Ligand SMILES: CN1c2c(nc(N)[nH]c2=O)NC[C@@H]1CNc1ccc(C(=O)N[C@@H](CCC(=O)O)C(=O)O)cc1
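Given as structure tokens, the chain that follows is alone and in the form solved without the ligand.
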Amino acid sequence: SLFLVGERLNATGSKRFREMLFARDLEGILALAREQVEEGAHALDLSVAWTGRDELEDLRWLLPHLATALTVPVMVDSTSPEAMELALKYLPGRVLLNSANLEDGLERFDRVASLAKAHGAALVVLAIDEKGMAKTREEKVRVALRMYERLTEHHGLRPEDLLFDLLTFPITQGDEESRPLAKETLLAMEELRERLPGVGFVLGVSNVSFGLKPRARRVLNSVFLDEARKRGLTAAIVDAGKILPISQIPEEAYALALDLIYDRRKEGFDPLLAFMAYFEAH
């Protein structure tokens, strides 16, 4: 029952979308939106924020057309609550707000939660607070519980209104510190599923593979997605067309992907170098 959220209308994550947004190529944007729906997406991530630009202008330009070109739900992806309000005016009954978090303290968190409650929007709850991103499973649990309590007890939101984003970090580039980060999220997710029955979980799957070649990315994302699903993932922000079913992944690449995800370093063997080795030699 995986709710796929197309990742491609994201100025930060998508060169193609950035180009078209810059060019004011409306028809290219609407086509790319429709294409993701056809490739399996049930909803579309939307982020227009970028260096210098009046995010509220870009949204005022795009939203009226986007809202009437498709009926799919839109995950409004923005750090401005005003931007969220604007998107809610154009997309009533169709919005997921990304995100409520505590990076700027309680008031901004509450502003986003209030909007979600008042408009009937689903809420992405992101594991960043006043001391930063939750990297370990212990940090992820501590932040999530505090936010869960605030959202249920104070705002009257139901577990089922909520998609907890426990953070997807690139486990490429070989850093000691970053190798276990996907494991931490997967293990925290399983634990929070038990602790918080009824909440959803979402991840930006494609972050996990950032820095690798395209084939390696497709495989790692698809295996990570599948492993997250087993831990209780309910939704994923993805390039829906580029998700491989597990059966379509060669057994070696699949096994090396699981090695990289779970950080199964032993002396004689680096799963990162081994995973990259497979491709280029296939």
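For every residue, the number given is its place in the sequence shown, counted from 1.
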**Request:** Between 95-103 and 176-184, name whichever shows the higher mean Cα B factor according to the PDB entry.
**Result:** 176-184
**Prompt:** According to the deposited model, is the average Cα temperature factor higher in 52-60 or in 23-31?
**Reply:** 52-60
**Prompt:** Of the options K89, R146, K140, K131, which has the highest CA B factor as deposited?
**Reply:** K89
**Prompt:** If you compare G211, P73, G200, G204, which has the highest Cα B-factor in the entry?
**Reply:** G211
**Asked** Considering only modelled residues of the same chain, in which third does the CA B-factor of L166 rank: lowest, middle or highest?
**Response** lowest
**Item:** Assigned third (lowest, middle, highest) for the C-alpha B factor of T68
**Value:** middle
**Item:** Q36 CA temperature factor, ranked by third within the chain
**Value:** lowest
**Message:** Split into thirds by Cα B-factor across the chain's modelled residues, where does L273 land: lowest, middle or highest?
**Reply:** highest
**For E251, the third of its chain into which the C-alpha B factor falls** = highest
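Missing here is the form solved in complex with the ligand; even so, the following discussion is about that form.
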**Message:** If contact means a heavy atom within 4.5 Å, which one of 183-191, 143-151, 81-89, 120-128 is the stretch that engages the ligand in the deposited bound form?
**Reply:** 120-128
**Request:** Go through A228, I237, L220, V48 and name the one with a heavy atom inside 4.5 Å of the ligand in the deposited bound form.
**Result:** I237
**Item:** Residue (of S114, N207, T136, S178) lying close to the ligand in the deposited bound form, criterion heavy atoms within 4.5 Å
**Value:** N207
**Message:** Can you tell me whether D165 touches the ligand? I mean in the deposited bound form, with a 4.5 angstroms heavy atom cut-off.
**Reply:** yes
**Prompt:** Is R24 one of the residues lying within 4.5 Å of the ligand in the deposited bound form, judged by heavy atom distances?
**Reply:** no
**Asked** Is there a heavy atom of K15 no more than 4.5 Å from a heavy atom of the ligand in the deposited bound form?
**Response** yes
